[PDB]
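Have a look at the structure below, then the notes.
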Amino acid sequence: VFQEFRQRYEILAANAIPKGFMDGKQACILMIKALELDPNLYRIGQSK
Amino acid sequence: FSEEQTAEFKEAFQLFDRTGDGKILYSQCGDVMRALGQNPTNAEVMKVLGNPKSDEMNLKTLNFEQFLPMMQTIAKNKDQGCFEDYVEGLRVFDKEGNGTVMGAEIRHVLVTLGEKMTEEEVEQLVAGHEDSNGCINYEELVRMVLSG
Amino acid sequence: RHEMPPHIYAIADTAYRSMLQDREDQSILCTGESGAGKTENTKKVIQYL
Amino acid sequence: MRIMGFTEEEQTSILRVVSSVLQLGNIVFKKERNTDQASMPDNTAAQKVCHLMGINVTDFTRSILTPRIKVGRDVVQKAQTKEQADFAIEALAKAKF
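In the order they appear, the protein sequences are chains A, B, C and D.
Once you know that position 43 of the first sequence is 403 in the working numbering, the rest is easy, because the numbers rise by one and skip nothing.
Once you know that position 109 of the second sequence is 914 in the working numbering, the rest is easy, because the numbers rise by one and skip nothing.
Once you know that position 47 of the third sequence is 52 in the working numbering, the rest is easy, because the numbers rise by one and skip nothing.
Once you know that position 71 of the fourth sequence is 72 in the working numbering, the rest is easy, because the numbers rise by one and skip nothing.
So, in structure tokens, the structure goes:
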């Protein structure tokens, strides 16, 4: 789910997210972009 | 570096000498280094200790002459783990984010992870801060350890 | 699971932790023809949990 | 209220729960042509709410969008829609106030 991913893996890319309270969707987007992983190995769902 | 603080350095070095001349065991001199604010992991200590073995560490001491380049190499770290690291990692280490962290889990994951320490080490570390909930406020203890 | 080698204890652990985290009730279904040992695994999981 | 004998910490907690019930309005739900069940597009408002409320966000929005009802003796998990979820959160605001 959106929220669990970031809270579980913000510790990995700590500098990724802004310190403000941002929704899990965009936070996950930005953190995964900051991971620089291939687009095919994963997918963004509308809820997961 | 400078003789500015080398006086305190000398008195501390000779303070913990078992022979009283300027020869202090490798474990002991690392402990003094850590007591001097400069507290690195024993890994880089052995790395700059000529990569000795435990026997050499407990048999071979060090003069004050080589102690200066030794703290010089220690000062080449120029930084250690940050405070935000510790607070966020302990916050995400708890099970429910209840402003605190359980005690027994902390003791276990401290004596049984990465650098190994004895049980009484982390015991007197957490000692005094215990509570009936078993969930200690990680913030106060981590800032006490950082500032202290 | 990825840490430990494969075992049914790891299966039960994963099921329980998933139920705890996602709050979704987990379930376990053992299958196989009679004589393949559908029984021992179940009671072992029982004592494990 | 200070003359009444109200400590500062309970005053701040009162102000924070009033903050919570104020923020409760900004919760928005989205309908989908599939089933039109309640969906949270951007829970940052609910995020801040449950944050200053002292409850997890995930289980909270799960319970809201999915109510753990109980029929007979077995629990059932249905799906919520715009009307029932909005009514539920508004009744929650009423009860909290």
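Even for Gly, the Cβ is constructed at its ideal location relative to N, Cα and C.
- When 7 Å is used as the limit between beta carbons, residue 58(D) is near these residues of chain A: 363, in chain order.
- Taking the Cβ atoms as the reference, residue 895(B) lies roughly 11 Å from residue 950(B), outside the contact range of under 8 Å.
- Within the stretch 891-909 of chain B, those residues whose Cβ lies closer than 8 Å to any Cβ of chain A are, in chain order, 893, 894 and 897.
- In the displayed model, residue 397(A) falls within coil according to three-state DSSP, outside both helix and strand.
- The C-beta distance from residue 880(B) to residue 843(B) rounds to 7 Å, short enough to fall under 8 Å.
- Chain order gives the chain A residues near residue 49(D) as 381, where near means a beta carbon separation below 8 Å.
- Annotation: the continuous beta strand (DSSP E) that includes residue 78(D) extends over 75-78.
- For the pair residue 7(C) and residue 38(D), the Cα-to-Cα distance works out to about 35 Å.
- Using beta-carbon distances, residue 404(A) does not count as an interface residue toward chain B, since no partner is under 8 Å.
- Residue-level contact by beta carbon holds for residue 43(D) and chain A, with a gap shorter than 8 Å.
- By the C-beta criterion, the stretch 869-887 of chain B is judged to be in contact with the stretch 846-854 of chain B, since at least 3 inter-stretch pairs fall below 8 Å.
- Interface flag for residue 28(C) against chain D is set, since a Cβ pair is found closer than 8 Å.
- In terms of CA proximity to residue 867(B), 828(B) leads the group 828(B), 888(B), 903(B) and 898(B).
- Sixteen is the threshold: when 16 or more other Cβ atoms of the shown chains lie within 10 Å of the Cβ of residue 834(B), as they do, the residue is buried.
- Interface with chain B (8 Å Cβ-Cβ cutoff): residue 377(A) is excluded.
- The C-alpha of residue 377(A) is placed about 37 Å away from the C-alpha of residue 853(B).
- Cβ contact annotation for residue 942(B) (same chain, cutoff 7 Å, sequence separation greater than five): 904 and 905, in chain order.
- Counting the other CB atoms within 10 Å of its CB gives residue 71(D) a total below 16, which places it among the exposed residues.
- Contact annotation, residue 31(C) with residue 20(C): C-beta distance approximately 4 Å; criterion of less than 8 Å satisfied.
- In the three-state reduction of the DSSP assignment, residue 43(C) falls in the coil class.
- Scanning its chain for C-beta atoms nearer than 6 Å, with the 5 sequence neighbours on each side dropped, one finds around residue 97(D) the residues 22, in chain order.
- Among the CB atoms of chain C, none fall inside 8 Å of the CB of residue 74(D).
- Going by C-alpha positions, residue 919(B) is about 12 Å away from residue 913(B).
- According to DSSP, residue 829(B) shares a beta bridge with 867(B).
- Contact between residue 48(D) and residue 383(A) is confirmed by a C-beta separation of about 7 Å, below the 8 Å threshold.
- Just measuring C-alpha positions, the residue of 23(C), 10(C), 39(C) and 9(C) sitting nearest residue 33(C) is 23(C).
- In the structure shown, residue 368(A) falls within a helical segment according to DSSP collapsed to helix, strand and coil.
- Note: residue 853(B) is not bridge-paired with any residue in the DSSP secondary-structure output.
- Distance from the CA of residue 810(B) to the CA of residue 817(B), rounded to the nearest whole angstrom, comes to 11 Å.
- A straight line joining the alpha-carbon of residue 933(B) with that of residue 890(B) spans about 24 Å.
- Bounds of the alpha helix (DSSP H) holding residue 879(B) are 872-880.
- For residue 374(A), a Cβ of chain B is located within less than 8 Å of the residue's own Cβ.
- For residue 63(D), the chain C residues whose Cβ falls inside 7 Å of its Cβ are 28, in order along the chain.
- Of 7(D), 16(D) and 74(D), the smallest CA-CA separation from residue 54(D) is found for 16(D).
- Under the three-state reduction of DSSP output, residue 71(D) falls in the strand class.
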